[PDB]
Every structure is written in C-alpha cells, then in structure tokens.
Amino acid sequence: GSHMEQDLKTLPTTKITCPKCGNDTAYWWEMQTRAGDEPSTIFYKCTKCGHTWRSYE
Ligand SMILES: [Zn+2]
C-alpha cells in the first residue's frame with residue numbers, strides 16, 4: 001500500500017446526499033461485479049468529505 005490512483009475533479013457529479021458529513025452532492029460512476037447482490041451498481045462519492053456508497057441502477 002504505497003501508490004494510488006484516485007480522481008475527483010473529473011467524473012460528472014450528481015445531486016445526492018451524504019450520510020456521513022451531510023453533503024448535498026457526490027460524484028458518480030458505474031461498478032459492475034459478478035452476480036450475488038445487484039448487477040451493475042453506481043457508487044456516489046460525496047463532493048465534501050470524500051465518502052462513497054452504492055446505488056441500484
Ligand atoms: Zn460527505
């Protein structure tokens with residue numbers, strides 16, 4: 001754990017809320033996995049504290 005590759009200034013942001021700092025917006029992209037919960041999910045990184053969760057589309 002020494003290098004990294006995160007991005008914020010990029011990725012179109014979407015209007016949402018943050019259950020952590022209470023922000024009112026977050027970044028958003030899709031994240032598909034295998035199959036055992038929700039095919040193709042969208043993570044939303046709040047644009048304030050830097051927290052991200054998942055959607056259902
Ligand atoms: Zn936040």
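Distances from the zinc ion to its protein donors, namely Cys18 (SG), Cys21 (SG), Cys46 (SG) and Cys49 (SG), fall within the range 2.3 Å. If you look at the zinc ion, its 4 donor atoms make angles of 104 to 113° with each other, and the shape they trace is tetrahedral. Between the donor residues of the zinc ion, the gaps in sequence give the motif C-x2-C-x24-C-x2-C. One end of the pair, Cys21, is in the loop between β1 (13-15) and β2 (25-31); the other, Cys49, is in the loop between β3 (41-46) and β4 (52-54), with 28 residues separating them in the sequence.

Before going further, it helps to examine the environment of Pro12. When you line up the elements, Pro12 lands in the segment before β1. Taking the C-alpha atoms as reference points, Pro12 and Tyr56, separated by 44 residues in sequence, lie 18 Å from one another. Among residues more than four places away in sequence, those in contact with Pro12 are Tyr27 and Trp28.

Another point: the packing of aromatic side chains. Across all of its chains, the model carries 2 aromatic pairs by this definition. Taking the centre distance of 6.2 Å and the plane angle of 20° together, the rings of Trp29 and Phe43 count as stacked. Taken as a pair, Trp29 in strand β2 and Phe43 in strand β3 lie far apart in primary sequence, 14 residues in all. In this structure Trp29 comes out as partly exposed when scored by relative accessible area, which is 24%. Taking the centre distance of 6.1 Å and the plane angle of 50° together, the rings of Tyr44 and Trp53 count as tilted. By the burial criterion, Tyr44 is buried, and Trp53 matches it.

Calculation rules
- Residues numbered from 1 in each chain as written, not as in the entry; some residues may be left out.
- Heavy atoms only, no water.
- Donors = N, O, S within 2.8 Å, 3.2 Å for Na, K, Ca; no water.
- Tetrahedral: all angles 85-135°; square planar, octahedral: opposite > 155°, others 65-115°.
- Helix = DSSP H or I, 4+ residues; strand = E, 2+ residues; numbered from the N terminus.
- Contact = heavy atoms within 4.5 Å.
- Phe/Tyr/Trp six-rings, centres within 6.5 Å; stacked < 30°, edge-to-face > 60°.
- Buried < 20%, exposed > 50% of the residue type's maximum accessible area, 1.4 Å probe, protein only.

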